[PDB]
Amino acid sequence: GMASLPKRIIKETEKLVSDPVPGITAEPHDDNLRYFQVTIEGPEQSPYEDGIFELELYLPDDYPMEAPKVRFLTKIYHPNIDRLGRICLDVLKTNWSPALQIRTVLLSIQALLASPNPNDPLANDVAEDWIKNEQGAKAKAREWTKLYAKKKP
């Protein structure tokens, strides 16, 4: 565990702009390094590929002993994201340590968008749609992408 929380945050922010992850931006609030505004591009060859999605991220008191909090702001049709932005994410739950960092959370979310998981669902309706009616569910995800997400450059 680090001796200081804001020091850790500084170290991660510098490296986020220095060595960014493609398709993802992550920038803190000047008056609160614990709140991050995030956007993720929809992965190419997926229902979401023409959209850009907004997320809030937060670091709790005991970060990095405690995983970040994440919530989608953009309305999205996904087996693992519910109406209030909450995400079931394998990295958020069981697997956390100081070794993992905001970078890894964002990579994981990006990958969840590329490869949804209705087998372990959060939005049970969308999961039913995805298992029984896959192509149609994907099409609804496309419609919602252009309907609610912002367009790419």
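Note that residue numbering follows the sequence shown and begins at 1. Heads up, when I say rigid core I mean the largest set of C-alphas that superpose within 1.5 Å between the two forms.
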Discussion item. Between 109-117 and 89-97, which has its CA atoms farther from the current form in 4 other deposited structures of this protein, using a rigid core superposition?
Written reply: 89-97
Item to complete: Return whichever of 4-12 or 143-151 has the larger RMS Cα deviation from the displayed form in 4 other deposited structures of this protein, where every structure is aligned on the rigid core.
Response: 4-12
Item to complete: Would you determine, from the values in the PDB entry, which of 105-113 and 83-91 has the greater average C-alpha temperature factor?
Response: 83-91
Worksheet item: If you average the CA temperature factors over each stretch, which comes out higher, 115-123 or 95-103?
Response: 95-103
Response to the item:
Of the residues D31, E54, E66, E128, the one whose Cα carries the largest B-factor in the deposited record is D31
Discussion item. Using the temperature factors of the C-alpha atoms in this entry, rank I9 within its chain: lowest, middle or highest third.
Written reply: lowest
Fill in: Cα B factor band for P20 (lowest, middle or highest third within the chain)
highest
Practice prompt. Could you tell me which third, lowest, middle or highest, the C-alpha B-factor of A26 occupies within its chain?
Written response: highest
